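>>> experimental coordinates for this protein are included below, preceded by the sequence.
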Amino acid sequence: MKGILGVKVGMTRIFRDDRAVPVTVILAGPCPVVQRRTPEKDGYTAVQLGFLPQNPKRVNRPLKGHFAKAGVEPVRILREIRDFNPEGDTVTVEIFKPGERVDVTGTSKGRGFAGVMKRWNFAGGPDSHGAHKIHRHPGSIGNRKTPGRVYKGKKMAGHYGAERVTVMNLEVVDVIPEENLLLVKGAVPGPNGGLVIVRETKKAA
Amino acid sequence: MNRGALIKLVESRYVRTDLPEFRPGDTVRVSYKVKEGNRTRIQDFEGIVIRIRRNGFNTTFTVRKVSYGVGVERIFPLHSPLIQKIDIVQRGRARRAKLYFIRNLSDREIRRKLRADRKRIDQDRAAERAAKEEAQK
Amino acid sequence: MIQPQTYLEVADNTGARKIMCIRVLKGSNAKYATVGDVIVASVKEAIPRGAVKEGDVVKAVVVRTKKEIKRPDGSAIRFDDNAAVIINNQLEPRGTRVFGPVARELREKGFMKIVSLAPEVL
Amino acid sequence: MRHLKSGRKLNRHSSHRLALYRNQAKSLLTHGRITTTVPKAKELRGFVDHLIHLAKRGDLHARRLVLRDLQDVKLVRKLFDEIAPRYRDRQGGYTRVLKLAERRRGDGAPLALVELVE
Amino acid sequence: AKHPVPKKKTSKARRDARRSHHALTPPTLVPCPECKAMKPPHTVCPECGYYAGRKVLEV
RNA sequence: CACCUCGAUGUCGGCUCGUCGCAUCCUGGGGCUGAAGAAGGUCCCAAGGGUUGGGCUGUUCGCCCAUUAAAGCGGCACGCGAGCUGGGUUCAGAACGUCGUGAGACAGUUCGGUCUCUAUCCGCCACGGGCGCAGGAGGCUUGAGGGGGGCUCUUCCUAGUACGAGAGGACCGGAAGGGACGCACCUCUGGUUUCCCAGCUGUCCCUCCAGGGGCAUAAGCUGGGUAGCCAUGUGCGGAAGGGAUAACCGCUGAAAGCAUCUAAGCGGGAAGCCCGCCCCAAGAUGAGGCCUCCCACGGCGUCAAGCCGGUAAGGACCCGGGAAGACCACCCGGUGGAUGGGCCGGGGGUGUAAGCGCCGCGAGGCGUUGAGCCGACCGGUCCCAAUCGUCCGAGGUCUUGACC
RNA sequence: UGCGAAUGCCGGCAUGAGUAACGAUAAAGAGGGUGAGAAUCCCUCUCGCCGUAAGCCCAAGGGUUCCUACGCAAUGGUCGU
RNA sequence: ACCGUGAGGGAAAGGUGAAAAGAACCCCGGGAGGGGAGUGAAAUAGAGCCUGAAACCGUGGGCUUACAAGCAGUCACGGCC
Ligand SMILES: [Mg+2]
Ligand SMILES: [Mg+2]
Ligand SMILES: [Mg+2]
Ligand SMILES: [Mg+2]
Ligand SMILES: [Mg+2]
Ligand SMILES: [Mg+2]
Ligand SMILES: [Mg+2]
Ligand SMILES: [Mg+2]
Ligand SMILES: [Mg+2]
Ligand SMILES: [Mg+2]
Ligand SMILES: [Mg+2]
Ligand SMILES: [Mg+2]
Ligand SMILES: [Mg+2]
Ligand SMILES: [Mg+2]
Ligand SMILES: [Mg+2]
Ligand SMILES: [Mg+2]
Ligand SMILES: [Mg+2]
Ligand SMILES: [Mg+2]
Ligand SMILES: [Mg+2]
Ligand SMILES: [Mg+2]
Ligand SMILES: [Mg+2]
Ligand SMILES: [Mg+2]
Ligand SMILES: [Mg+2]
Ligand SMILES: [Mg+2]
Ligand SMILES: [Mg+2]
Ligand SMILES: [Mg+2]
Ligand SMILES: [Mg+2]
Ligand SMILES: [Mg+2]
Ligand SMILES: [Mg+2]
Ligand SMILES: [Mg+2]
Ligand SMILES: [Mg+2]
Ligand SMILES: [Mg+2]
Ligand SMILES: [Mg+2]
Ligand SMILES: [Mg+2]
Ligand SMILES: [Mg+2]
Ligand SMILES: [Mg+2]
Ligand SMILES: [Mg+2]
Ligand SMILES: [Mg+2]
Ligand SMILES: [Mg+2]
Ligand SMILES: [Mg+2]
Ligand SMILES: [Mg+2]
Ligand SMILES: [Mg+2]
Ligand SMILES: [Mg+2]
Ligand SMILES: [Mg+2]
Ligand SMILES: [Mg+2]
Ligand SMILES: [Mg+2]
Ligand SMILES: [Mg+2]
Ligand SMILES: [Mg+2]
Ligand SMILES: [Mg+2]
Ligand SMILES: [Mg+2]
Ligand SMILES: [Mg+2]
Ligand SMILES: [Mg+2]
Ligand SMILES: [Mg+2]
Ligand SMILES: [Mg+2]
Ligand SMILES: [Mg+2]
Ligand SMILES: [Mg+2]
Ligand SMILES: [Mg+2]
Ligand SMILES: [Mg+2]
Ligand SMILES: [Mg+2]
Ligand SMILES: [Mg+2]
Ligand SMILES: [Mg+2]
Ligand SMILES: [Mg+2]
Ligand SMILES: [Mg+2]
Ligand SMILES: [Mg+2]
Ligand SMILES: [Mg+2]
Ligand SMILES: [Mg+2]
Ligand SMILES: [Mg+2]
Ligand SMILES: [Mg+2]
Ligand SMILES: [Mg+2]
Ligand SMILES: [Mg+2]
Ligand SMILES: [Mg+2]
Ligand SMILES: [Mg+2]
Ligand SMILES: [Mg+2]
Ligand SMILES: [Mg+2]
Ligand SMILES: [Mg+2]
Ligand SMILES: [Mg+2]
Ligand SMILES: [Mg+2]
Ligand SMILES: [Mg+2]
Ligand SMILES: [Mg+2]
Ligand SMILES: [Mg+2]
Ligand SMILES: [Mg+2]
Ligand SMILES: [Mg+2]
Ligand SMILES: [Mg+2]
Ligand SMILES: [Mg+2]
Ligand SMILES: [Mg+2]
Ligand SMILES: [Mg+2]
Ligand SMILES: [Mg+2]
Ligand SMILES: [Mg+2]
Ligand SMILES: [Mg+2]
Ligand SMILES: [Mg+2]
Ligand SMILES: [Mg+2]
Ligand SMILES: [Mg+2]
Ligand SMILES: [Mg+2]
Ligand SMILES: [Mg+2]
Ligand SMILES: [Mg+2]
Ligand SMILES: [Mg+2]
Ligand SMILES: [Mg+2]
Ligand SMILES: [Mg+2]
Ligand SMILES: [Mg+2]
Ligand SMILES: [Mg+2]
Ligand SMILES: [Mg+2]
Ligand SMILES: [Mg+2]
Ligand SMILES: [Mg+2]
Ligand SMILES: [Mg+2]
Ligand SMILES: [Mg+2]
Ligand SMILES: [Mg+2]
Ligand SMILES: [Mg+2]
Ligand SMILES: [Mg+2]
Ligand SMILES: [Mg+2]
Ligand SMILES: [Mg+2]
Ligand SMILES: [Mg+2]
Ligand SMILES: [Mg+2]
Ligand SMILES: [Mg+2]
Ligand SMILES: [Mg+2]
Ligand SMILES: [Mg+2]
Ligand SMILES: [Mg+2]
Ligand SMILES: [Mg+2]
Ligand SMILES: [Mg+2]
Ligand SMILES: [Mg+2]
Ligand SMILES: [Mg+2]
Ligand SMILES: [Mg+2]
Ligand SMILES: [Mg+2]
Ligand SMILES: [Mg+2]
Ligand SMILES: [Mg+2]
């Protein structure tokens, strides 16, 4: 179930078959598999997949040269791939052919305390007529004596954004192995320079 | 990693240099490849360039003209594969970046407002009169 | 983007000068009509003795919009007004002869006589 | 929200904030060392650095440019003759901002030092 | 005087429970390079504090 | 009826935000038809989702216009005024009709008419602090259990085939386009962009000119406008599939020789149910797992669990910052360093600076010049600043079975 | 002549709470001085606001508020030399 | 006193010791205040002074508490002081 880590680089249009193709260039660098963990001593199947190299030994003792190729532990080994057993070593952009759909998981841009209406697309109040200090307010939040309380999931204002988000079934417009670049078209979450993980699609699986 | 924009600046191998120099204010004629019901012709479009949206690759420019009693504005990507070519038909003295103001103005009065950049006209000619010479012998 | 209440110029000789959108004929609840989309409208202004009269409730197709239409090849086109062509229920134009440019999106949307009658297709 | 935007607003409207920096500039370019709130300092560096680096160009254009913000015909001379040269081989960092341990009493404001470098 | 108002006097227990986080934290101090006295980090420790940057000399 | 409430349970309608029921308006599945087909009627299952925009009236309701797959009925103090409204009702003014000798009165009408900054508890949206998870740490995880989502139309092929005299016109299967809704996103399109650039008026000023500055908003006005944040813009979602079922359709089959889908059994069979997708999640005190680190100190506690120091792996403090953020938290940096600032280059905006020379009596024009100026964007560069340090942190309870 | 209640009376102290607020969005900054102590007092410079006023002179009313020295417990919505 | 234009309304507020012997001097402090010294039979009789209750606020100690839910008590057992 091929997966790979990477950083959202940017967006741009492509042109193909005399057609504009809006895409999001993600860099899916070589991912040194550092652990596997099978139903033997884990109960499932995955692949620790350390990403960006870096670390002039800000690595301390929790380092794992245990699995040979630690090639100086990477900044974010974080996240396995679950039910993926690679070409033995080092996973790269090669796992993706132009024309495959993919599921990108990202960390959506944060908006902090966002009001109902944005958080939730509420209509708020009228900007004129009666009006009165309730223009962007949520209105009523309940009934009367029964139930005499607010529902468990009542859509209200709160922190919104900066969360796990997975835009699904994205076309792979192109892949450039020379530079570990991968071009999906459109809507990958989070900011540029944020970390994402690209996976096989779930439309087929 | 800090390749950043120079990476995205790599995907641009659709960048395209076979195109002429023009500025908001002067009028140009851009030949564009259009489908047109199954077949395919190279329909032209001639008018004053209203704007230029500089952004490296995918910068875009807009041209406007009065087609049969109605003004029309078209927006082309400066590096679009469908632009077979584009010939400048006259230079104009902009004085100002974006020229939206000519919309509520269209008539004779847009003339004597955009008034032929001789300086840049006297080029082109002399710039093609010296490229037509130093090309043969 | 044309909308119920929006005024349209009439780009044909049917006799109408101004129609006013009264409904956009798409789904159960479309919000805007664009080039190639058919609307219902009231005739707000009309030439004497023309085919169509003022107050007439008619169908039309949008041939022009002040809001740019975006095309798959990355470009866009934009007109100075919103114009329509009054049509019968077969969707055949009511009057002969159409005036001014029309979006090529019309052919793509199956209005072949009108694009043909159009003095220029942009 | 208001993400990767640059430039503190110091509980002042446009003209005030602008007219502030200009004033902290003249002061600094007058005594070489100034004490302010850490934040008003952190923001003063860039404003002044520019003014100086423009003095390193010496050309009258740049003089007239610096006049816009400093308005004083001397002080600018001083800037152009006494202060500018000292940096001719220093590119950037014409300024230093060192915090102080004492806090403005009855207000609590943490202070910092702002001196011309070298 | 107006609209919402407390329905019951808050107990000594429940108010002091609110205070469970009001406790202060002593200033983070570091021994000073030159002088023996204590001063907070990254500050020009008030007794000739530095060397390269003007140490607001008490000298 | 008069049972709680008259030391007060604010009353219609609208708005906002919903949630539930099903006696189902649409979509899914069915039986019967006086069901040729297509299209209906009628009843059964089914509450997953959906259930339009306008004219009139304070209206609910209703009539009407244009649509639609449909324009569903109800409950929630005729849901919701410590959420808004205040048109209606329902104080004081005034008038009409009417009634009364009158003062005045009218589920009659008319015009007007003070809607009250501070949330204590519960509840709800968010975010932390503490302790616990019996050795202490840094990573990576399983998913018990939750939540989100669930809609639908048109056209085309099948095929003008089945069916029908004809007009009409299927099933089944397959393809492409939409509508509304949702999540994300900035390339494009389009906004803003509080000082990024230019132009302009009046006045005051520095310096007379030239050039500039303040004020004219909390931008003086105007023309533009990067980053960001955004929808009008872009990508993507509803599924597929598996399983069990409802109405129902059947197999096998007695009681009851025959017959029967049922009483024993089995098979099909819904937009529904359980999985599947997405998100949360071990305070899941039932506190799980895997990997990798430090270790088994010194006195005391003479025995039960402990007490005090230093310490180890680590971790905080402090500091530079951050598309992270109310504070906190989170993330990256901290000189073995490109973290912010400055400088440099590039992008981007503005659109040819000042100065000088030429032409003009002059306003101005031309050249130098795409000049000059230049927030945020992509980078580089130790010039400025993250100096120096401080504190916190295990040595592992017992029982039992298995092992060298 | 015995109190627990009378939205009782007088007084004291609590809760809300380190919460609302600190009274016009004309606006501030630095250097120097004084001092036990300074964002708040003095001085200098820069900036901003009034200018048919937010400047000046009368009449009411007020009644030491006037000038100066020495002072900061309280009054000053913070601090105050 | 204060409130009210006025007629008028109208309060709060007692106690060191027998005797000021009412704390010289010294220390911290700008003072305030306190610490010794000293007076006194007594100084938690020190002048915000006889006695000094209650609400109310603290500091220290014993027991107790972070998977439990309630008119807070009561009846049982058990622990620890
Ligand atoms: Mg944010
Ligand atoms: Mg939202
Ligand atoms: Mg919206
Ligand atoms: Mg809405
Ligand atoms: Mg609305
Ligand atoms: Mg609104
Ligand atoms: Mg109101
Ligand atoms: Mg308002
Ligand atoms: Mg209520
Ligand atoms: Mg008429
Ligand atoms: Mg403030
Ligand atoms: Mg201003
Ligand atoms: Mg207590
Ligand atoms: Mg009763
Ligand atoms: Mg009775
Ligand atoms: Mg009551
Ligand atoms: Mg009440
Ligand atoms: Mg029925
Ligand atoms: Mg049905
Ligand atoms: Mg039929
Ligand atoms: Mg039926
Ligand atoms: Mg039913
Ligand atoms: Mg009305
Ligand atoms: Mg209705
Ligand atoms: Mg009615
Ligand atoms: Mg309706
Ligand atoms: Mg309802
Ligand atoms: Mg009722
Ligand atoms: Mg009600
Ligand atoms: Mg109200
Ligand atoms: Mg209401
Ligand atoms: Mg009313
Ligand atoms: Mg009203
Ligand atoms: Mg009468
Ligand atoms: Mg009545
Ligand atoms: Mg009325
Ligand atoms: Mg009125
Ligand atoms: Mg009325
Ligand atoms: Mg209120
Ligand atoms: Mg409660
Ligand atoms: Mg917690
Ligand atoms: Mg345990
Ligand atoms: Mg689950
Ligand atoms: Mg659900
Ligand atoms: Mg579920
Ligand atoms: Mg749901
Ligand atoms: Mg036919
Ligand atoms: Mg036949
Ligand atoms: Mg089909
Ligand atoms: Mg669809
Ligand atoms: Mg952009
Ligand atoms: Mg844009
Ligand atoms: Mg922008
Ligand atoms: Mg001026
Ligand atoms: Mg002068
Ligand atoms: Mg001048
Ligand atoms: Mg002025
Ligand atoms: Mg002024
Ligand atoms: Mg002003
Ligand atoms: Mg200005
Ligand atoms: Mg604009
Ligand atoms: Mg939209
Ligand atoms: Mg299914
Ligand atoms: Mg099934
Ligand atoms: Mg089945
Ligand atoms: Mg049978
Ligand atoms: Mg069955
Ligand atoms: Mg079955
Ligand atoms: Mg479905
Ligand atoms: Mg998770
Ligand atoms: Mg664990
Ligand atoms: Mg693992
Ligand atoms: Mg921060
Ligand atoms: Mg760190
Ligand atoms: Mg360090
Ligand atoms: Mg840096
Ligand atoms: Mg540049
Ligand atoms: Mg020029
Ligand atoms: Mg010039
Ligand atoms: Mg001359
Ligand atoms: Mg009693
Ligand atoms: Mg009492
Ligand atoms: Mg008293
Ligand atoms: Mg509060
Ligand atoms: Mg508050
Ligand atoms: Mg406040
Ligand atoms: Mg104020
Ligand atoms: Mg001083
Ligand atoms: Mg002194
Ligand atoms: Mg000052
Ligand atoms: Mg001062
Ligand atoms: Mg002040
Ligand atoms: Mg007098
Ligand atoms: Mg006096
Ligand atoms: Mg005086
Ligand atoms: Mg004095
Ligand atoms: Mg005082
Ligand atoms: Mg004082
Ligand atoms: Mg005071
Ligand atoms: Mg006051
Ligand atoms: Mg003094
Ligand atoms: Mg009085
Ligand atoms: Mg009096
Ligand atoms: Mg007494
Ligand atoms: Mg006595
Ligand atoms: Mg006596
Ligand atoms: Mg002393
Ligand atoms: Mg004493
Ligand atoms: Mg004594
Ligand atoms: Mg004695
Ligand atoms: Mg005694
Ligand atoms: Mg004593
Ligand atoms: Mg005593
Ligand atoms: Mg006492
Ligand atoms: Mg006594
Ligand atoms: Mg007392
Ligand atoms: Mg006595
Ligand atoms: Mg006493
Ligand atoms: Mg205690
Ligand atoms: Mg439990
Ligand atoms: Mg317990
Ligand atoms: Mg509780
Ligand atoms: Mg109890
Ligand atoms: Mg006991």
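Great, that's in hand. Residues are numbered from 1 along each chain as shown, chains lettered A, B, ... in the order given. Ligands and ions are numbered 1, 2, ... in the order given.
>>> for chain D, what's the longest strand?
Counting residues, the longest strand found in chain D (DSSP state E) is strand D:95-103.
>>> so what touches the next helix or strand after that one?
Per DSSP states H and E, the first helix or strand lying C-terminal to strand D:95-103 is strand D:110-116. Residues outside strand D:110-116 that contact it (CB atoms under 8 Å, 6 or more residues apart in numbering or on different chains): D:28-29, D:32-38, D:41-42, D:44-45, D:83, D:94-100, D:102-104, E:44, E:53-54, E:56. C-beta: built from backbone N, CA, C; applies to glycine.
>>> out of those, which are buried?
By neighbour count, with 16 or more other CB atoms under 10 Å in any protein chain shown, these hold D:28-29, D:34, D:36, D:38, D:41, D:44-45, D:83, D:94-100, E:44, E:54, E:56 as buried.
>>> need the residue closest to the centroid of chain E.
Nearest to the mean C-alpha position of chain E, by CA atoms, centre = their mean, lies residue E:27 at 5.0 Å.
>>> buried set for the longest helix seen in chain C?
Ranked by number of residues, the top helix in chain C under DSSP state H is helix C:112-117. Neighbour-count burial for helix C:112-117, counted by 16+ other CB under 10 Å, picks out C:114, C:115, C:117.
>>> just checking, the last one touches residue C:95?
By that I understand residue C:117. No: counting by CB atoms under 8 Å, residue C:117 does not reach residue C:95; the two are 9.9 Å apart.
>>> wait, is residue B:89 part of a strand?
Yes: if the criterion is DSSP: H, G, I helix; E, B strand; the rest coil, then residue B:89 is within a strand.
>>> which residues touch it?
Residue B:89 neighbours (CB under 8 Å, 6+ apart): B:27, B:28, B:29, B:46.
>>> among these, which lie within strands?
B:27, B:28, B:29, B:46.
>>> any of the residues you listed buried? List them.
Buried among those by 16+ other CB under 10 Å: B:27, B:28, B:29.
>>> columns distance to ligand 1 on top of those, output as TSV?
Listed next are these as TSV, based on distance: CB to the ion, whole Å:
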residue	distance to ligand 1
B:27	46
B:28	43
B:29	47
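>>> hang on, the earlier thing: from the contacts of residue B:89, which is closest to residue A:94?
residue B:28 (44.9 Å; CB to CB).
>>> got the residues of chain B near RNA strand F?
Chain B has residues B:1-6, B:23-24, B:51-56, B:58-60, B:62, B:75, B:77, B:94-98, B:100-101, B:119 near RNA strand F, with proximity defined as CB under 7 Å from any atom of the strand.
>>> quick one: buried ones out of the residues you listed?
B:23, B:24, B:51, B:58, B:60, B:62, B:75, B:77, B:94.
>>> so can I have a markdown table of those residues showing secondary structure?
Compiled in a markdown table, these are given as follows (three-state DSSP):
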| residue | secondary structure |
| --- | --- |
| B:23 | coil |
| B:24 | coil |
| B:51 | strand |
| B:58 | coil |
| B:60 | strand |
| B:62 | strand |
| B:75 | strand |
| B:77 | strand |
| B:94 | coil |
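>>> next, give me the two most distant ones among those.
B:58 and B:94 (22.4 Å).
>>> which parts of chain B are strands?
Going by DSSP E, chain B shows strands at B:27-34, B:41-43, B:46-53, B:60-67, B:70-77, B:83-90.
>>> for chain C, same thing?
Going by DSSP E, chain C shows strands at C:7-10, C:16-24, C:38-46, C:57-64, C:69-70, C:76-79, C:83-87.
>>> what's the closest of those strands to residue A:184?
Short answer: strand C:69-70, nearest of those by CB to CB, at 21.1 Å.
>>> just checking: what are the partner strands of that closest one?
strand C:76-79 (antiparallel) (DSSP bridges).
>>> which residues touch the spatially most central residue of chain D?
By CA atoms, centre = their mean, chain D has its centre lying nearest to residue D:48, at 3.3 Å. By CB under 8 Å, 6+ apart, the contact set of residue D:48 is D:25, D:28, D:29, D:94, D:95.
>>> how does it look with 7 Å?
D:25, D:28, D:95 (CB atoms under 7 Å, 6 or more residues apart in numbering or on different chains).
>>> next, the residue of chain D found nearest chain B: secondary structure please.
Proximity of chain D to chain B (CB to the nearest CB) peaks at residue D:4, 14.0 Å away. State at residue D:4, reduced to three classes by three-state DSSP: coil.
>>> do the one 4 residues further on as well
Secondary structure of residue D:8, reduced to three states by three-state DSSP: coil.
>>> excluding chain neighbours, what is closest to the closest residue to ligand 1 within chain A?
Relative to ligand 1, the nearest point of chain A is residue A:110 (4.0 Å; CB to the ion). Residue nearest to residue A:110 in three dimensions, not counting chain neighbours: residue A:162, with 3.1 Å by CB to CB, 6 or more residues apart in numbering or on different chains.
>>> same question for residue A:173.
In space, residue A:173 is closest to residue A:183, 4.4 Å off (CB to CB, 6+ apart).
>>> using the three-state scheme, assign the one you found.
Once three-state DSSP is applied, residue A:183 turns out strand.
>>> burial of it, as a residue count?
21 (other CB atoms under 10 Å in any protein chain shown).
>>> can you pull up the bridge partners for it?
With DSSP bridges as the rule, residue A:183 is bridged to residue A:25, residue A:174.
>>> could you pull up the residues touching it?
Taking CB under 7 Å, 6+ apart, one finds A:23, A:25, A:172, A:173, A:174, A:175, B:11 in contact with residue A:183.
>>> out of these, the closest to chain E would be?
residue A:25 (40.5 Å).
>>> correct me if wrong: that closest one contacts residue A:7.
No: if you go by CB atoms under 7 Å, residue A:25 and residue A:7 don't touch, sitting 9.9 Å apart.
>>> all strands for chain E, in order.
Using DSSP E, strands in chain E cover E:30-31, E:38-39.
>>> which one of the ones you listed is the most hemmed in?
strand E:38-39 (a mean of 15; mean count of other CB atoms under 10 Å in any protein chain shown).
>>> mind checking how far the residue of chain A found nearest chain E is from residue E:1?
Proximity of chain A to chain E (CB to the nearest CB) peaks at residue A:133, 13.8 Å away. Distance of residue A:133 to residue E:1, computed by CB to CB, to the nearest Å: 20 Å.
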